[PDB]
Each structure stands twice: as C-alpha cells, then as structure tokens.
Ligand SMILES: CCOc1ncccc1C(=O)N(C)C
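To begin, one chain is listed below as structure tokens, in the form solved without this ligand.
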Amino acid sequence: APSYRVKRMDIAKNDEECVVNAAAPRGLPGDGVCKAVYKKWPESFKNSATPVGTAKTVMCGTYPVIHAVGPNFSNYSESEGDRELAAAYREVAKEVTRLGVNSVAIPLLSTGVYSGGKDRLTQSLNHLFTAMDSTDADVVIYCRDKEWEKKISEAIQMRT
C-alpha cells in the first residue's frame, strides 16, 4: 500500500524510481538541492527551464527528473506565492502519474533560499500531501535539517 517516508540525506542519493528537483528558475544550476541534482543528473537540464508554478520532466538516461519550480517568496506576495506553490506540487503529481512510477523522491519546495526568510515546512508539506495524496506512488521526502526530519515524521505518522 502507498506510503510516505522521510529521510534526512541528500536527494541525489535517493533510492526511488524518479526524483523531483527543487528547480531554480530559468533552468539554471541553482544552489542546494538544485545544484546537487545538476551535479548528479546534468543531462536532465537540457531545456529544463519551466515557469514558476509548473513542473517539467527531462530524462537522464531513462531516469526521470521532474523539475518543479516553486515561487521565491522574496518576489511573490504571500497569497500569490501560496497559489504558485500549490500549483507546482499539483504539476508534480500529474507528472508522477503520467510516468507510471511506483515511487518518487521529493524535496520540500520553496523552503530555504526561496522561503523569503520564513519557516515554510508546514505550508510546503501540506501542499505536498494535498497533491501526492491523489497518486498511488510511494513518496519519500528528503530533508537535511534534524528538527525538520522530526516534524515531517510526526506529520506522516498522524495520517496513518
């Protein structure tokens, strides 16, 4: 039966059938997760640019990289940024479905450098759940912060 799990490690080392990149705008290599995805799957950046609020899949070999561009809350208002963040996750769920994968590795979009200086764990994770609950895939959420790992794990446990 489909599950959610959380792991505190580099998503570029995931054990799932595809990966969601927390993509920088304009198809650029970015930083953090996006830069790690660029180092591991550089071929997946060929024509990967896609607008804020959308996702675009590019294959590296046969391994799918779903580039999802969340809003940068330093540029967006809270209300418009929230809408684009929800929309990016909804496009991820559509791509996961279209690909037919059994599992997907996902980071929390619009956190950290794109968070506008605010902790958005709950906001981003709730949009992740809303989108991915519509799919049949095992979801493995990747984070790096120890307290975030606890809170995500707590949230996963209470939906079981």
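Quick note: we count residues from 1 along the sequence shown, nothing fancier.
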Next item on the list: Could you settle it for me: does 142-150 or 9-17 have the higher average Cα B factor in the PDB entry?
Entry: 142-150
Next item on the list: Using the B-factors recorded in the PDB entry, average over the C-alpha atoms of 115-123 and of 55-63, then report which stretch comes out higher.
Entry: 115-123
Notebook entry, point to check: Looking at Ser44, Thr50, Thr130, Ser103, which has the highest Cα B-factor in the entry?
Noted result: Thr130
Check: Should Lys39 be placed in the lowest, middle or highest third of its chain by the C-alpha B factor in the entry?
Finding: middle
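Keep in mind that the form deposited with this ligand bound is missing from the display, and what follows is about it.
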Next item on the list: Could you work out which of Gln123, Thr54, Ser115, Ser48 is the residue within 4.5 angstroms of this ligand in the deposited bound form, going by heavy atoms?
Entry: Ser115
Note to self: With a cut-off of 4.5 Å between heavy atoms, is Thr111 one of the residues that contacts this ligand in the deposited bound form?
What the structure shows: yes
Note to self: Under a 4.5 Å heavy atom criterion, is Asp145 part of the interface with this ligand in the deposited bound form?
What the structure shows: yes
Margin query: Residue-level contact is defined here as any heavy atom of the residue lying within 4.5 Å of this ligand in the deposited bound form; does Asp119 satisfy this criterion?
Written below: yes
